[PDB]
């Protein structure tokens, strides 16, 4: 029946790429007969300007009344001299994850055929391609562990954060990783620092416990310092990477940057009900905002992840994905995906959204 989406476009290019995601969604709604209602709420920088804080009470409550959050990007110059701890990005994202128990972050990243040369990797390495799904635990570990704070003064003033994980928190993120590997290349690489951290000793232990239910999936463990090196040499050997909160933050962004094409990358953060927050992997790109230059594909693929994971509409989600593939192989590329001698073939944000939506309309 009727789905309700909270739309939180945020700052920078958020609103302009959101417009294209909505246009594509409208074509999907028509093609598949879905009834989806959308309400927009302020978040991030615009919420600080309009309401005094990055996550107003009204926005939080509109997310509670929704089936999913279609989220843009938050932050920029204007607020980047507030304390790092009252800044819009951490002030929007961390309480949304904590409040809705969005323990699971999925970040699919691949080198697209024909775009290998944009990876900052050496040509013989990018030619091999890669397709790496990062599964990051999002509501535990050092981000929300207590005690957190500071005590004392002067030279002996100290600050502390506590990384904490229970077996239950580890096993539920690990099962997601194994379940995902099962449908891909059947390998989970679990990433920890078990030679140093008590949380990582438990992590590796519990991942090995969960593994018994997946005898068809290969499991390997790697230290985070070694994983950050190995992704530079053989990223084609990884399938699913399984990580705790802080190691996942670092590793998923390293992998994204390895694609050289962040404008194509989206992100799902979900709870066990399948309520989630769907966002592009990259930032608010405030210098390009309002110019029709931003690549909307990341925000469009966010909507496809939303349709799949929160709304259980697998066909709708894959239609959008294929409309994106069709754009990428039919010469519909924005300026950041072109070598600068070809930068004159660039499509605008609106041209991309129009093409993608017409492709869904035409039955792609």
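Think of the rigid core as the biggest set of C-alphas that the two forms share within 1.5 Å after superposition. Residue numbers count along the first chain shown, from 1.
Peer 1: Which is farther from the shown form in 6 other deposited structures of this protein in C-alpha RMS with the core fitted, 83-91 or 109-117?
Peer 2: This comes out as 83-91, the stretch further from the shown form in 6 other deposited structures of this protein.
Peer 1: Of 221-229 and 285-293, which one has the bigger average CA B-factor?
Peer 2: It is 285-293 that shows the higher mean C-alpha B-factor.
Peer 1: For the stretches 71-79 and 183-191, which has the higher mean C-alpha B-factor as given in the deposited record?
Peer 2: Result: 71-79.
Peer 1: Among 269, 252, 139, 273, where is the Cα temperature factor highest, going by the PDB entry?
Peer 2: Spelled out: the listed residue with the top C-alpha B-factor is 273.
Peer 1: In terms of recorded Cα temperature factor, pick the maximum from 279, 169, 209, 116.
Peer 2: So the option with the highest C-alpha B-factor is 116.
Peer 1: Going by what the PDB entry lists, where does residue 318 fall on CA B-factor within its chain: lowest, middle or highest third?
Peer 2: Its C-alpha B-factor belongs to the lowest third of this chain's values.
Peer 1: Can you work out whether the C-alpha temperature factor of residue 110 puts it in the lowest, middle or highest third of the chain?
Peer 2: Residue 110: CA B-factor falls in the highest third of its chain.
Peer 1: Would you please rank residue 234 by its C-alpha temperature factor against the other modelled residues of its chain and give the third it falls in: lowest, middle or highest?
Peer 2: Highest third.
Peer 1: Going by the entry, which third of its chain does the Cα temperature factor of residue 263 land in?
Peer 2: Its C-alpha B-factor belongs to the lowest third of this chain's values.
Peer 1: Ranking the modelled residues of this chain by C-alpha B-factor as given in the entry, is residue 216 in the lowest, middle or highest third?
Peer 2: For residue 216, whose C-alpha B-factor we compare with every modelled residue in the chain, the answer is the highest third.
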